[PDB]
$ cat coords_11.pdb   # PDB, N, CA and C atoms
ATOM      1  N   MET A   1      14.777  -4.980  -7.417  1.00  0.00           N
ATOM      2  CA  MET A   1      13.415  -4.374  -7.460  1.00  0.00           C
ATOM      3  C   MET A   1      13.227  -3.404  -6.291  1.00  0.00           C
ATOM      4  N   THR A   2      12.139  -2.679  -6.280  1.00  0.00           N
ATOM      5  CA  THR A   2      11.886  -1.710  -5.173  1.00  0.00           C
ATOM      6  C   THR A   2      10.872  -2.291  -4.183  1.00  0.00           C
ATOM      7  N   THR A   3      11.308  -2.595  -2.988  1.00  0.00           N
ATOM      8  CA  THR A   3      10.387  -3.174  -1.972  1.00  0.00           C
ATOM      9  C   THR A   3       9.518  -2.080  -1.341  1.00  0.00           C
ATOM     10  N   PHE A   4       8.297  -1.946  -1.795  1.00  0.00           N
ATOM     11  CA  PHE A   4       7.388  -0.908  -1.221  1.00  0.00           C
ATOM     12  C   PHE A   4       6.651  -1.476  -0.004  1.00  0.00           C
ATOM     13  N   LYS A   5       6.010  -0.632   0.766  1.00  0.00           N
ATOM     14  CA  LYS A   5       5.271  -1.124   1.969  1.00  0.00           C
ATOM     15  C   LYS A   5       3.927  -0.402   2.104  1.00  0.00           C
ATOM     16  N   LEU A   6       2.859  -1.140   2.276  1.00  0.00           N
ATOM     17  CA  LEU A   6       1.515  -0.502   2.416  1.00  0.00           C
ATOM     18  C   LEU A   6       1.042  -0.579   3.872  1.00  0.00           C
ATOM     19  N   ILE A   7       0.745   0.548   4.473  1.00  0.00           N
ATOM     20  CA  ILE A   7       0.254   0.534   5.881  1.00  0.00           C
ATOM     21  C   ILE A   7      -1.208   0.061   5.883  1.00  0.00           C
ATOM     22  N   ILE A   8      -1.745  -0.290   7.022  1.00  0.00           N
ATOM     23  CA  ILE A   8      -3.162  -0.761   7.053  1.00  0.00           C
ATOM     24  C   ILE A   8      -3.968   0.017   8.098  1.00  0.00           C
ATOM     25  N   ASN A   9      -4.274   1.263   7.829  1.00  0.00           N
ATOM     26  CA  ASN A   9      -5.081   2.055   8.806  1.00  0.00           C
ATOM     27  C   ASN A   9      -6.553   1.990   8.403  1.00  0.00           C
ATOM     28  N   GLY A  10      -7.038   0.801   8.152  1.00  0.00           N
ATOM     29  CA  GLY A  10      -8.461   0.630   7.744  1.00  0.00           C
ATOM     30  C   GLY A  10      -9.268   0.078   8.914  1.00  0.00           C
ATOM     31  N   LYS A  11     -10.571   0.124   8.814  1.00  0.00           N
ATOM     32  CA  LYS A  11     -11.428  -0.409   9.911  1.00  0.00           C
ATOM     33  C   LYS A  11     -11.631  -1.925   9.751  1.00  0.00           C
ATOM     34  N   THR A  12     -10.959  -2.546   8.805  1.00  0.00           N
ATOM     35  CA  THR A  12     -11.125  -4.015   8.610  1.00  0.00           C
ATOM     36  C   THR A  12      -9.805  -4.744   8.874  1.00  0.00           C
ATOM     37  N   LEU A  13      -8.689  -4.102   8.610  1.00  0.00           N
ATOM     38  CA  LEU A  13      -7.372  -4.770   8.844  1.00  0.00           C
ATOM     39  C   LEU A  13      -6.393  -3.814   9.534  1.00  0.00           C
ATOM     40  N   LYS A  14      -5.246  -4.311   9.924  1.00  0.00           N
ATOM     41  CA  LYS A  14      -4.237  -3.444  10.604  1.00  0.00           C
ATOM     42  C   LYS A  14      -2.879  -4.149  10.655  1.00  0.00           C
ATOM     43  N   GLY A  15      -1.813  -3.421  10.426  1.00  0.00           N
ATOM     44  CA  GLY A  15      -0.457  -4.040  10.462  1.00  0.00           C
ATOM     45  C   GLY A  15       0.395  -3.479   9.323  1.00  0.00           C
ATOM     46  N   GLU A  16       1.115  -4.330   8.636  1.00  0.00           N
ATOM     47  CA  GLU A  16       1.975  -3.855   7.511  1.00  0.00           C
ATOM     48  C   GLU A  16       2.189  -4.980   6.495  1.00  0.00           C
ATOM     49  N   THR A  17       2.453  -4.632   5.261  1.00  0.00           N
ATOM     50  CA  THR A  17       2.675  -5.673   4.213  1.00  0.00           C
ATOM     51  C   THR A  17       3.752  -5.210   3.228  1.00  0.00           C
ATOM     52  N   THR A  18       4.412  -6.137   2.579  1.00  0.00           N
ATOM     53  CA  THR A  18       5.478  -5.759   1.601  1.00  0.00           C
ATOM     54  C   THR A  18       5.309  -6.547   0.300  1.00  0.00           C
ATOM     55  N   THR A  19       6.098  -6.233  -0.697  1.00  0.00           N
ATOM     56  CA  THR A  19       5.995  -6.958  -2.000  1.00  0.00           C
ATOM     57  C   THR A  19       7.245  -6.700  -2.848  1.00  0.00           C
ATOM     58  N   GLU A  20       7.220  -7.106  -4.090  1.00  0.00           N
ATOM     59  CA  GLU A  20       8.401  -6.885  -4.979  1.00  0.00           C
ATOM     60  C   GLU A  20       7.975  -6.169  -6.266  1.00  0.00           C
ATOM     61  N   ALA A  21       8.191  -4.880  -6.332  1.00  0.00           N
ATOM     62  CA  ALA A  21       7.805  -4.110  -7.551  1.00  0.00           C
ATOM     63  C   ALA A  21       8.982  -3.256  -8.025  1.00  0.00           C
ATOM     64  N   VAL A  22       9.155  -3.131  -9.316  1.00  0.00           N
ATOM     65  CA  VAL A  22      10.288  -2.311  -9.847  1.00  0.00           C
ATOM     66  C   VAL A  22      10.151  -0.857  -9.376  1.00  0.00           C
ATOM     67  N   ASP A  23       8.939  -0.402  -9.182  1.00  0.00           N
ATOM     68  CA  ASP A  23       8.723   1.003  -8.718  1.00  0.00           C
ATOM     69  C   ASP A  23       7.257   1.215  -8.331  1.00  0.00           C
ATOM     70  N   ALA A  24       6.929   2.381  -7.828  1.00  0.00           N
ATOM     71  CA  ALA A  24       5.519   2.664  -7.418  1.00  0.00           C
ATOM     72  C   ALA A  24       4.547   2.405  -8.577  1.00  0.00           C
ATOM     73  N   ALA A  25       5.020   2.490  -9.795  1.00  0.00           N
ATOM     74  CA  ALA A  25       4.127   2.249 -10.970  1.00  0.00           C
ATOM     75  C   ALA A  25       3.546   0.831 -10.919  1.00  0.00           C
ATOM     76  N   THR A  26       4.244  -0.085 -10.295  1.00  0.00           N
ATOM     77  CA  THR A  26       3.738  -1.488 -10.206  1.00  0.00           C
ATOM     78  C   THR A  26       3.372  -1.833  -8.758  1.00  0.00           C
ATOM     79  N   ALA A  27       4.016  -1.204  -7.807  1.00  0.00           N
ATOM     80  CA  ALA A  27       3.710  -1.490  -6.369  1.00  0.00           C
ATOM     81  C   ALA A  27       2.240  -1.185  -6.065  1.00  0.00           C
ATOM     82  N   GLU A  28       1.775  -0.023  -6.451  1.00  0.00           N
ATOM     83  CA  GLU A  28       0.347   0.346  -6.193  1.00  0.00           C
ATOM     84  C   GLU A  28      -0.591  -0.663  -6.858  1.00  0.00           C
ATOM     85  N   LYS A  29      -0.272  -1.099  -8.051  1.00  0.00           N
ATOM     86  CA  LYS A  29      -1.151  -2.092  -8.751  1.00  0.00           C
ATOM     87  C   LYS A  29      -1.330  -3.347  -7.890  1.00  0.00           C
ATOM     88  N   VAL A  30      -0.304  -3.734  -7.175  1.00  0.00           N
ATOM     89  CA  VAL A  30      -0.401  -4.947  -6.308  1.00  0.00           C
ATOM     90  C   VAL A  30      -1.020  -4.578  -4.955  1.00  0.00           C
ATOM     91  N   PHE A  31      -0.535  -3.532  -4.337  1.00  0.00           N
ATOM     92  CA  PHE A  31      -1.089  -3.120  -3.011  1.00  0.00           C
ATOM     93  C   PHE A  31      -2.540  -2.659  -3.165  1.00  0.00           C
ATOM     94  N   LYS A  32      -2.852  -1.995  -4.251  1.00  0.00           N
ATOM     95  CA  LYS A  32      -4.255  -1.526  -4.460  1.00  0.00           C
ATOM     96  C   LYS A  32      -5.186  -2.736  -4.564  1.00  0.00           C
ATOM     97  N   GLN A  33      -4.788  -3.734  -5.317  1.00  0.00           N
ATOM     98  CA  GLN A  33      -5.638  -4.959  -5.455  1.00  0.00           C
ATOM     99  C   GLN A  33      -5.829  -5.610  -4.087  1.00  0.00           C
ATOM    100  N   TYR A  34      -4.848  -5.483  -3.242  1.00  0.00           N
ATOM    101  CA  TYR A  34      -4.940  -6.062  -1.868  1.00  0.00           C
ATOM    102  C   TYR A  34      -5.958  -5.243  -1.057  1.00  0.00           C
ATOM    103  N   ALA A  35      -5.734  -3.960  -0.946  1.00  0.00           N
ATOM    104  CA  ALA A  35      -6.676  -3.093  -0.176  1.00  0.00           C
ATOM    105  C   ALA A  35      -8.061  -3.112  -0.830  1.00  0.00           C
ATOM    106  N   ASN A  36      -8.116  -2.942  -2.130  1.00  0.00           N
ATOM    107  CA  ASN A  36      -9.430  -2.946  -2.844  1.00  0.00           C
ATOM    108  C   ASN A  36     -10.204  -4.234  -2.540  1.00  0.00           C
ATOM    109  N   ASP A  37      -9.506  -5.324  -2.349  1.00  0.00           N
ATOM    110  CA  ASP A  37     -10.193  -6.616  -2.043  1.00  0.00           C
ATOM    111  C   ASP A  37     -10.792  -6.570  -0.636  1.00  0.00           C
ATOM    112  N   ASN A  38     -10.008  -6.181   0.337  1.00  0.00           N
ATOM    113  CA  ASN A  38     -10.524  -6.105   1.738  1.00  0.00           C
ATOM    114  C   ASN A  38     -11.497  -4.930   1.871  1.00  0.00           C
ATOM    115  N   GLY A  39     -11.129  -3.785   1.357  1.00  0.00           N
ATOM    116  CA  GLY A  39     -12.028  -2.597   1.444  1.00  0.00           C
ATOM    117  C   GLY A  39     -11.284  -1.424   2.085  1.00  0.00           C
ATOM    118  N   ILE A  40     -10.052  -1.200   1.699  1.00  0.00           N
ATOM    119  CA  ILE A  40      -9.276  -0.067   2.285  1.00  0.00           C
ATOM    120  C   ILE A  40      -9.163   1.078   1.273  1.00  0.00           C
ATOM    121  N   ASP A  41     -10.249   1.762   1.021  1.00  0.00           N
ATOM    122  CA  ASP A  41     -10.215   2.909   0.066  1.00  0.00           C
ATOM    123  C   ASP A  41     -10.024   4.206   0.853  1.00  0.00           C
ATOM    124  N   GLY A  42      -9.101   4.201   1.778  1.00  0.00           N
ATOM    125  CA  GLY A  42      -8.849   5.407   2.615  1.00  0.00           C
ATOM    126  C   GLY A  42      -8.207   6.509   1.779  1.00  0.00           C
ATOM    127  N   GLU A  43      -7.203   7.144   2.323  1.00  0.00           N
ATOM    128  CA  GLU A  43      -6.502   8.225   1.593  1.00  0.00           C
ATOM    129  C   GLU A  43      -5.067   7.790   1.333  1.00  0.00           C
ATOM    130  N   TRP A  44      -4.786   7.373   0.131  1.00  0.00           N
ATOM    131  CA  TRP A  44      -3.423   6.888  -0.193  1.00  0.00           C
ATOM    132  C   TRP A  44      -2.406   8.020  -0.271  1.00  0.00           C
ATOM    133  N   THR A  45      -1.226   7.743   0.198  1.00  0.00           N
ATOM    134  CA  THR A  45      -0.125   8.739   0.164  1.00  0.00           C
ATOM    135  C   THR A  45       1.193   7.978   0.073  1.00  0.00           C
ATOM    136  N   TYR A  46       2.058   8.385  -0.809  1.00  0.00           N
ATOM    137  CA  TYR A  46       3.352   7.665  -0.979  1.00  0.00           C
ATOM    138  C   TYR A  46       4.486   8.450  -0.306  1.00  0.00           C
ATOM    139  N   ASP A  47       4.998   7.940   0.786  1.00  0.00           N
ATOM    140  CA  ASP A  47       6.106   8.641   1.500  1.00  0.00           C
ATOM    141  C   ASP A  47       7.448   8.313   0.839  1.00  0.00           C
ATOM    142  N   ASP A  48       8.036   9.273   0.171  1.00  0.00           N
ATOM    143  CA  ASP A  48       9.347   9.031  -0.506  1.00  0.00           C
ATOM    144  C   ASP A  48      10.459   8.802   0.528  1.00  0.00           C
ATOM    145  N   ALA A  49      10.262   9.238   1.751  1.00  0.00           N
ATOM    146  CA  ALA A  49      11.310   9.051   2.804  1.00  0.00           C
ATOM    147  C   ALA A  49      11.728   7.579   2.904  1.00  0.00           C
ATOM    148  N   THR A  50      10.779   6.679   2.857  1.00  0.00           N
ATOM    149  CA  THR A  50      11.112   5.225   2.949  1.00  0.00           C
ATOM    150  C   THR A  50      10.226   4.404   2.002  1.00  0.00           C
ATOM    151  N   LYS A  51       9.620   5.037   1.022  1.00  0.00           N
ATOM    152  CA  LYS A  51       8.742   4.297   0.054  1.00  0.00           C
ATOM    153  C   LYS A  51       7.720   3.421   0.792  1.00  0.00           C
ATOM    154  N   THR A  52       6.563   3.958   1.084  1.00  0.00           N
ATOM    155  CA  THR A  52       5.529   3.152   1.797  1.00  0.00           C
ATOM    156  C   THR A  52       4.128   3.710   1.535  1.00  0.00           C
ATOM    157  N   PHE A  53       3.334   3.009   0.761  1.00  0.00           N
ATOM    158  CA  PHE A  53       1.940   3.485   0.482  1.00  0.00           C
ATOM    159  C   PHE A  53       1.174   3.584   1.803  1.00  0.00           C
ATOM    160  N   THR A  54       0.645   4.735   2.122  1.00  0.00           N
ATOM    161  CA  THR A  54      -0.073   4.874   3.431  1.00  0.00           C
ATOM    162  C   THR A  54      -1.573   5.167   3.261  1.00  0.00           C
ATOM    163  N   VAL A  55      -2.409   4.145   3.284  1.00  0.00           N
ATOM    164  CA  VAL A  55      -3.877   4.377   3.182  1.00  0.00           C
ATOM    165  C   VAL A  55      -4.480   4.418   4.593  1.00  0.00           C
ATOM    166  N   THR A  56      -5.695   4.870   4.709  1.00  0.00           N
ATOM    167  CA  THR A  56      -6.351   4.950   6.043  1.00  0.00           C
ATOM    168  C   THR A  56      -7.871   5.031   5.872  1.00  0.00           C
ATOM    169  N   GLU A  57      -8.569   3.975   6.198  1.00  0.00           N
ATOM    170  CA  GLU A  57     -10.056   3.978   6.057  1.00  0.00           C
ATOM    171  C   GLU A  57     -10.717   3.752   7.419  1.00  0.00           C
TER     172      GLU A  57
END

$ encode --input "coords_11.pdb" --output "C-alpha coordinates"
Amino acid sequence: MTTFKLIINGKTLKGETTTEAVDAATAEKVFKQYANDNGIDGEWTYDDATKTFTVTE
(Lines of atoms letter the chains of each structure in order from A and count residues from 1; the text may use other names and numbers.)
(Lines give C-alpha, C1' and ligand atoms only; values in the text may rest on other atoms or scores of the structure.)
Protein backbone atom coordinates (compact mmCIF):
# COMPACT_ATOMS: atom_id res chain seq x y z
CA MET A 1 0.00 0.00 0.00
CA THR A 2 1.06 3.68 -0.17
CA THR A 3 1.95 5.13 3.26
CA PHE A 4 0.85 8.79 3.04
CA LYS A 5 1.55 11.42 5.74
CA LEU A 6 -0.61 14.38 6.85
CA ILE A 7 1.13 17.39 8.47
CA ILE A 8 -0.68 19.25 11.30
CA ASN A 9 -0.23 23.02 10.85
CA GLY A 10 -3.59 23.78 12.50
CA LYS A 11 -4.35 25.96 15.54
CA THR A 12 -5.76 22.91 17.40
CA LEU A 13 -3.15 20.16 16.78
CA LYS A 14 0.50 19.81 15.68
CA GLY A 15 2.90 16.99 14.72
CA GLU A 16 2.57 14.25 12.07
CA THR A 17 0.41 11.18 11.32
CA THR A 18 0.52 8.19 8.93
CA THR A 19 -1.86 5.49 7.61
CA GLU A 20 -2.25 2.68 5.03
CA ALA A 21 -3.89 3.67 1.72
CA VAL A 22 -3.41 2.21 -1.79
CA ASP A 23 -3.05 5.81 -3.08
CA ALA A 24 -4.03 9.46 -2.47
CA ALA A 25 -7.54 8.49 -3.68
CA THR A 26 -8.03 6.71 -0.31
CA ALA A 27 -5.38 8.44 1.86
CA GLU A 28 -7.22 11.80 1.77
CA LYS A 29 -10.52 10.06 2.67
CA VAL A 30 -8.88 8.87 5.92
CA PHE A 31 -6.70 11.94 6.66
CA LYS A 32 -9.58 14.30 5.76
CA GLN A 33 -11.91 12.55 8.25
CA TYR A 34 -9.16 13.02 10.85
CA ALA A 35 -8.59 16.75 10.19
CA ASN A 36 -12.32 17.39 9.54
CA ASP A 37 -13.03 15.90 13.01
CA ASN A 38 -10.53 18.13 14.87
CA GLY A 39 -11.08 21.17 12.61
CA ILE A 40 -8.08 21.41 10.23
CA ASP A 41 -9.68 22.89 7.08
CA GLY A 42 -6.47 24.76 6.18
CA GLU A 43 -4.99 24.60 2.67
CA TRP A 44 -4.37 21.01 1.58
CA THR A 45 -1.47 20.27 -0.76
CA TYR A 46 -0.07 16.88 -1.82
CA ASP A 47 3.75 16.87 -2.11
CA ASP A 48 4.68 14.17 -4.67
CA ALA A 49 8.34 14.43 -3.51
CA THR A 50 7.54 12.19 -0.50
CA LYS A 51 3.71 11.81 -0.60
CA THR A 52 2.46 13.89 2.36
CA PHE A 53 -0.87 15.78 2.63
CA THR A 54 0.06 19.25 3.96
CA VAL A 55 -2.84 21.22 5.52
CA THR A 56 -2.45 24.42 7.58
CA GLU A 57 -5.20 26.15 9.61

$ residues_around --input "coords_11.pdb" --residues "region 47-52 of chain A" --least-positions-apart "2" --cutoff "7 Å" --atoms "only N, CA and C atoms" --output "ChimeraX atom specification"
/A:3-7,45,54-55

$ write_last_selection --input "coords_11.pdb" --atoms "N, CA and C atoms" --output "PDB file, in the frame of the given file"
ATOM      1  N   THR A   3      11.308  -2.595  -2.988  1.00  0.00           N
ATOM      2  CA  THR A   3      10.387  -3.174  -1.972  1.00  0.00           C
ATOM      3  C   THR A   3       9.518  -2.080  -1.341  1.00  0.00           C
ATOM      4  N   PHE A   4       8.297  -1.946  -1.795  1.00  0.00           N
ATOM      5  CA  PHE A   4       7.388  -0.908  -1.221  1.00  0.00           C
ATOM      6  C   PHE A   4       6.651  -1.476  -0.004  1.00  0.00           C
ATOM      7  N   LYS A   5       6.010  -0.632   0.766  1.00  0.00           N
ATOM      8  CA  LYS A   5       5.271  -1.124   1.969  1.00  0.00           C
ATOM      9  C   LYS A   5       3.927  -0.402   2.104  1.00  0.00           C
ATOM     10  N   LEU A   6       2.859  -1.140   2.276  1.00  0.00           N
ATOM     11  CA  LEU A   6       1.515  -0.502   2.416  1.00  0.00           C
ATOM     12  C   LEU A   6       1.042  -0.579   3.872  1.00  0.00           C
ATOM     13  N   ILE A   7       0.745   0.548   4.473  1.00  0.00           N
ATOM     14  CA  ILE A   7       0.254   0.534   5.881  1.00  0.00           C
ATOM     15  C   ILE A   7      -1.208   0.061   5.883  1.00  0.00           C
ATOM     16  N   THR A  45      -1.226   7.743   0.198  1.00  0.00           N
ATOM     17  CA  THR A  45      -0.125   8.739   0.164  1.00  0.00           C
ATOM     18  C   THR A  45       1.193   7.978   0.073  1.00  0.00           C
ATOM     19  N   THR A  54       0.645   4.735   2.122  1.00  0.00           N
ATOM     20  CA  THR A  54      -0.073   4.874   3.431  1.00  0.00           C
ATOM     21  C   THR A  54      -1.573   5.167   3.261  1.00  0.00           C
ATOM     22  N   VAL A  55      -2.409   4.145   3.284  1.00  0.00           N
ATOM     23  CA  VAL A  55      -3.877   4.377   3.182  1.00  0.00           C
ATOM     24  C   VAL A  55      -4.480   4.418   4.593  1.00  0.00           C
TER      25      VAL A  55
END

$ closest_residue --input "coords_11.pdb" --among "A:17, A:2, A:25, A:9" --to "residue 40 (chain A)" --atoms "all atoms listed in the file"
A:9

$ axis_aligned_box --input "coords_11.pdb" --around "region 13-20 of chain A" --padding-each-side "8 Å" --output "lines of an AutoDock Vina configuration file"
center_x = -0.1
center_y = -5.3
center_z = 2.2
size_x = 33.1
size_y = 19.7
size_z = 32.9

$ residues_around --input "coords_11.pdb" --residues "residue 11 (chain A)" --least-positions-apart "3" --cutoff "12 Å" --atoms "only C-alpha atoms" --output "PDB file with N, CA and C atoms, in the frame of the given file"
ATOM      1  N   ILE A   8      -1.745  -0.290   7.022  1.00  0.00           N
ATOM      2  CA  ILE A   8      -3.162  -0.761   7.053  1.00  0.00           C
ATOM      3  C   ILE A   8      -3.968   0.017   8.098  1.00  0.00           C
ATOM      4  N   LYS A  14      -5.246  -4.311   9.924  1.00  0.00           N
ATOM      5  CA  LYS A  14      -4.237  -3.444  10.604  1.00  0.00           C
ATOM      6  C   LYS A  14      -2.879  -4.149  10.655  1.00  0.00           C
ATOM      7  N   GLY A  15      -1.813  -3.421  10.426  1.00  0.00           N
ATOM      8  CA  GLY A  15      -0.457  -4.040  10.462  1.00  0.00           C
ATOM      9  C   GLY A  15       0.395  -3.479   9.323  1.00  0.00           C
ATOM     10  N   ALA A  35      -5.734  -3.960  -0.946  1.00  0.00           N
ATOM     11  CA  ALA A  35      -6.676  -3.093  -0.176  1.00  0.00           C
ATOM     12  C   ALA A  35      -8.061  -3.112  -0.830  1.00  0.00           C
ATOM     13  N   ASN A  38     -10.008  -6.181   0.337  1.00  0.00           N
ATOM     14  CA  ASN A  38     -10.524  -6.105   1.738  1.00  0.00           C
ATOM     15  C   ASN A  38     -11.497  -4.930   1.871  1.00  0.00           C
ATOM     16  N   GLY A  39     -11.129  -3.785   1.357  1.00  0.00           N
ATOM     17  CA  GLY A  39     -12.028  -2.597   1.444  1.00  0.00           C
ATOM     18  C   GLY A  39     -11.284  -1.424   2.085  1.00  0.00           C
ATOM     19  N   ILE A  40     -10.052  -1.200   1.699  1.00  0.00           N
ATOM     20  CA  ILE A  40      -9.276  -0.067   2.285  1.00  0.00           C
ATOM     21  C   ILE A  40      -9.163   1.078   1.273  1.00  0.00           C
ATOM     22  N   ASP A  41     -10.249   1.762   1.021  1.00  0.00           N
ATOM     23  CA  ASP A  41     -10.215   2.909   0.066  1.00  0.00           C
ATOM     24  C   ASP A  41     -10.024   4.206   0.853  1.00  0.00           C
ATOM     25  N   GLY A  42      -9.101   4.201   1.778  1.00  0.00           N
ATOM     26  CA  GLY A  42      -8.849   5.407   2.615  1.00  0.00           C
ATOM     27  C   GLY A  42      -8.207   6.509   1.779  1.00  0.00           C
ATOM     28  N   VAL A  55      -2.409   4.145   3.284  1.00  0.00           N
ATOM     29  CA  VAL A  55      -3.877   4.377   3.182  1.00  0.00           C
ATOM     30  C   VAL A  55      -4.480   4.418   4.593  1.00  0.00           C
ATOM     31  N   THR A  56      -5.695   4.870   4.709  1.00  0.00           N
ATOM     32  CA  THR A  56      -6.351   4.950   6.043  1.00  0.00           C
ATOM     33  C   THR A  56      -7.871   5.031   5.872  1.00  0.00           C
ATOM     34  N   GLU A  57      -8.569   3.975   6.198  1.00  0.00           N
ATOM     35  CA  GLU A  57     -10.056   3.978   6.057  1.00  0.00           C
ATOM     36  C   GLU A  57     -10.717   3.752   7.419  1.00  0.00           C
TER      37      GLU A  57
END

$ select_by_dssp --input "coords_11.pdb" --residues "chain A" --states "strand (DSSP E or B)" --output "PDB file with N, CA and C atoms, in the coordinates of the input"
ATOM      1  N   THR A   2      12.139  -2.679  -6.280  1.00  0.00           N
ATOM      2  CA  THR A   2      11.886  -1.710  -5.173  1.00  0.00           C
ATOM      3  C   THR A   2      10.872  -2.291  -4.183  1.00  0.00           C
ATOM      4  N   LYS A   5       6.010  -0.632   0.766  1.00  0.00           N
ATOM      5  CA  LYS A   5       5.271  -1.124   1.969  1.00  0.00           C
ATOM      6  C   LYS A   5       3.927  -0.402   2.104  1.00  0.00           C
ATOM      7  N   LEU A   6       2.859  -1.140   2.276  1.00  0.00           N
ATOM      8  CA  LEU A   6       1.515  -0.502   2.416  1.00  0.00           C
ATOM      9  C   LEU A   6       1.042  -0.579   3.872  1.00  0.00           C
ATOM     10  N   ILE A   7       0.745   0.548   4.473  1.00  0.00           N
ATOM     11  CA  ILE A   7       0.254   0.534   5.881  1.00  0.00           C
ATOM     12  C   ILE A   7      -1.208   0.061   5.883  1.00  0.00           C
ATOM     13  N   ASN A   9      -4.274   1.263   7.829  1.00  0.00           N
ATOM     14  CA  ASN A   9      -5.081   2.055   8.806  1.00  0.00           C
ATOM     15  C   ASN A   9      -6.553   1.990   8.403  1.00  0.00           C
ATOM     16  N   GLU A  16       1.115  -4.330   8.636  1.00  0.00           N
ATOM     17  CA  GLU A  16       1.975  -3.855   7.511  1.00  0.00           C
ATOM     18  C   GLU A  16       2.189  -4.980   6.495  1.00  0.00           C
ATOM     19  N   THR A  17       2.453  -4.632   5.261  1.00  0.00           N
ATOM     20  CA  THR A  17       2.675  -5.673   4.213  1.00  0.00           C
ATOM     21  C   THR A  17       3.752  -5.210   3.228  1.00  0.00           C
ATOM     22  N   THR A  18       4.412  -6.137   2.579  1.00  0.00           N
ATOM     23  CA  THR A  18       5.478  -5.759   1.601  1.00  0.00           C
ATOM     24  C   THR A  18       5.309  -6.547   0.300  1.00  0.00           C
ATOM     25  N   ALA A  21       8.191  -4.880  -6.332  1.00  0.00           N
ATOM     26  CA  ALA A  21       7.805  -4.110  -7.551  1.00  0.00           C
ATOM     27  C   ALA A  21       8.982  -3.256  -8.025  1.00  0.00           C
ATOM     28  N   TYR A  46       2.058   8.385  -0.809  1.00  0.00           N
ATOM     29  CA  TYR A  46       3.352   7.665  -0.979  1.00  0.00           C
ATOM     30  C   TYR A  46       4.486   8.450  -0.306  1.00  0.00           C
ATOM     31  N   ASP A  47       4.998   7.940   0.786  1.00  0.00           N
ATOM     32  CA  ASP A  47       6.106   8.641   1.500  1.00  0.00           C
ATOM     33  C   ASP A  47       7.448   8.313   0.839  1.00  0.00           C
ATOM     34  N   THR A  52       6.563   3.958   1.084  1.00  0.00           N
ATOM     35  CA  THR A  52       5.529   3.152   1.797  1.00  0.00           C
ATOM     36  C   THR A  52       4.128   3.710   1.535  1.00  0.00           C
ATOM     37  N   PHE A  53       3.334   3.009   0.761  1.00  0.00           N
ATOM     38  CA  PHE A  53       1.940   3.485   0.482  1.00  0.00           C
ATOM     39  C   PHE A  53       1.174   3.584   1.803  1.00  0.00           C
ATOM     40  N   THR A  56      -5.695   4.870   4.709  1.00  0.00           N
ATOM     41  CA  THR A  56      -6.351   4.950   6.043  1.00  0.00           C
ATOM     42  C   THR A  56      -7.871   5.031   5.872  1.00  0.00           C
TER      43      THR A  56
END

$ atom_distance --input "coords_11.pdb" --atom1 "CA of residue 33 (chain A)" --atom2 "atom N of residue 46 (chain A)"
16.1 Å

$ atom_distance --input "coords_11.pdb" --atom1 "atom N of residue 1 (chain A)" --atom2 "atom N of residue 36 (chain A)"
23.6 Å

$ atom_distance --input "coords_11.pdb" --atom1 "atom C of residue 30 (chain A)" --atom2 "CA of residue 53 (chain A)"
10.2 Å

$ select_by_dssp --input "coords_11.pdb" --residues "chain A" --states "helix (DSSP H, G or I)" --output "VMD selection string"
chain A and resid 24 to 38

$ build_atoms --input "coords_11.pdb" --residues "region 25-37 of chain A" --atoms "N, CA, C and O atoms" --output "PDB file, in the coordinates of the input"
ATOM      1  N   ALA A  25       5.020   2.490  -9.795  1.00  0.00           N
ATOM      2  CA  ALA A  25       4.127   2.249 -10.970  1.00  0.00           C
ATOM      3  C   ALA A  25       3.546   0.831 -10.919  1.00  0.00           C
ATOM      4  O   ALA A  25       2.477   0.572 -11.439  1.00  0.00           O
ATOM      5  N   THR A  26       4.244  -0.085 -10.295  1.00  0.00           N
ATOM      6  CA  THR A  26       3.738  -1.488 -10.206  1.00  0.00           C
ATOM      7  C   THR A  26       3.372  -1.833  -8.758  1.00  0.00           C
ATOM      8  O   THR A  26       2.515  -2.659  -8.507  1.00  0.00           O
ATOM      9  N   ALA A  27       4.016  -1.204  -7.807  1.00  0.00           N
ATOM     10  CA  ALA A  27       3.710  -1.490  -6.369  1.00  0.00           C
ATOM     11  C   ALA A  27       2.240  -1.185  -6.065  1.00  0.00           C
ATOM     12  O   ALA A  27       1.535  -1.993  -5.490  1.00  0.00           O
ATOM     13  N   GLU A  28       1.775  -0.023  -6.451  1.00  0.00           N
ATOM     14  CA  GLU A  28       0.347   0.346  -6.193  1.00  0.00           C
ATOM     15  C   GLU A  28      -0.591  -0.663  -6.858  1.00  0.00           C
ATOM     16  O   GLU A  28      -1.593  -1.046  -6.293  1.00  0.00           O
ATOM     17  N   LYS A  29      -0.272  -1.099  -8.051  1.00  0.00           N
ATOM     18  CA  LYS A  29      -1.151  -2.092  -8.751  1.00  0.00           C
ATOM     19  C   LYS A  29      -1.330  -3.347  -7.890  1.00  0.00           C
ATOM     20  O   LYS A  29      -2.385  -3.955  -7.873  1.00  0.00           O
ATOM     21  N   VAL A  30      -0.304  -3.734  -7.175  1.00  0.00           N
ATOM     22  CA  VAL A  30      -0.401  -4.947  -6.308  1.00  0.00           C
ATOM     23  C   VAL A  30      -1.020  -4.578  -4.955  1.00  0.00           C
ATOM     24  O   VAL A  30      -1.925  -5.238  -4.479  1.00  0.00           O
ATOM     25  N   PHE A  31      -0.535  -3.532  -4.337  1.00  0.00           N
ATOM     26  CA  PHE A  31      -1.089  -3.120  -3.011  1.00  0.00           C
ATOM     27  C   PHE A  31      -2.540  -2.659  -3.165  1.00  0.00           C
ATOM     28  O   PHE A  31      -3.370  -2.908  -2.310  1.00  0.00           O
ATOM     29  N   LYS A  32      -2.852  -1.995  -4.251  1.00  0.00           N
ATOM     30  CA  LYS A  32      -4.255  -1.526  -4.460  1.00  0.00           C
ATOM     31  C   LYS A  32      -5.186  -2.736  -4.564  1.00  0.00           C
ATOM     32  O   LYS A  32      -6.242  -2.772  -3.962  1.00  0.00           O
ATOM     33  N   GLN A  33      -4.788  -3.734  -5.317  1.00  0.00           N
ATOM     34  CA  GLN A  33      -5.638  -4.959  -5.455  1.00  0.00           C
ATOM     35  C   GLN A  33      -5.829  -5.610  -4.087  1.00  0.00           C
ATOM     36  O   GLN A  33      -6.855  -6.199  -3.798  1.00  0.00           O
ATOM     37  N   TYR A  34      -4.848  -5.483  -3.242  1.00  0.00           N
ATOM     38  CA  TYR A  34      -4.940  -6.062  -1.868  1.00  0.00           C
ATOM     39  C   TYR A  34      -5.958  -5.243  -1.057  1.00  0.00           C
ATOM     40  O   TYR A  34      -6.927  -5.770  -0.545  1.00  0.00           O
ATOM     41  N   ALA A  35      -5.734  -3.960  -0.946  1.00  0.00           N
ATOM     42  CA  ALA A  35      -6.676  -3.093  -0.176  1.00  0.00           C
ATOM     43  C   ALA A  35      -8.061  -3.112  -0.830  1.00  0.00           C
ATOM     44  O   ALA A  35      -9.067  -3.276  -0.168  1.00  0.00           O
ATOM     45  N   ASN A  36      -8.116  -2.942  -2.130  1.00  0.00           N
ATOM     46  CA  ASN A  36      -9.430  -2.946  -2.844  1.00  0.00           C
ATOM     47  C   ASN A  36     -10.204  -4.234  -2.540  1.00  0.00           C
ATOM     48  O   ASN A  36     -11.420  -4.237  -2.479  1.00  0.00           O
ATOM     49  N   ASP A  37      -9.506  -5.324  -2.349  1.00  0.00           N
ATOM     50  CA  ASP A  37     -10.193  -6.616  -2.043  1.00  0.00           C
ATOM     51  C   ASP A  37     -10.792  -6.570  -0.636  1.00  0.00           C
ATOM     52  O   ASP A  37     -11.952  -6.877  -0.436  1.00  0.00           O
TER      53      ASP A  37
END
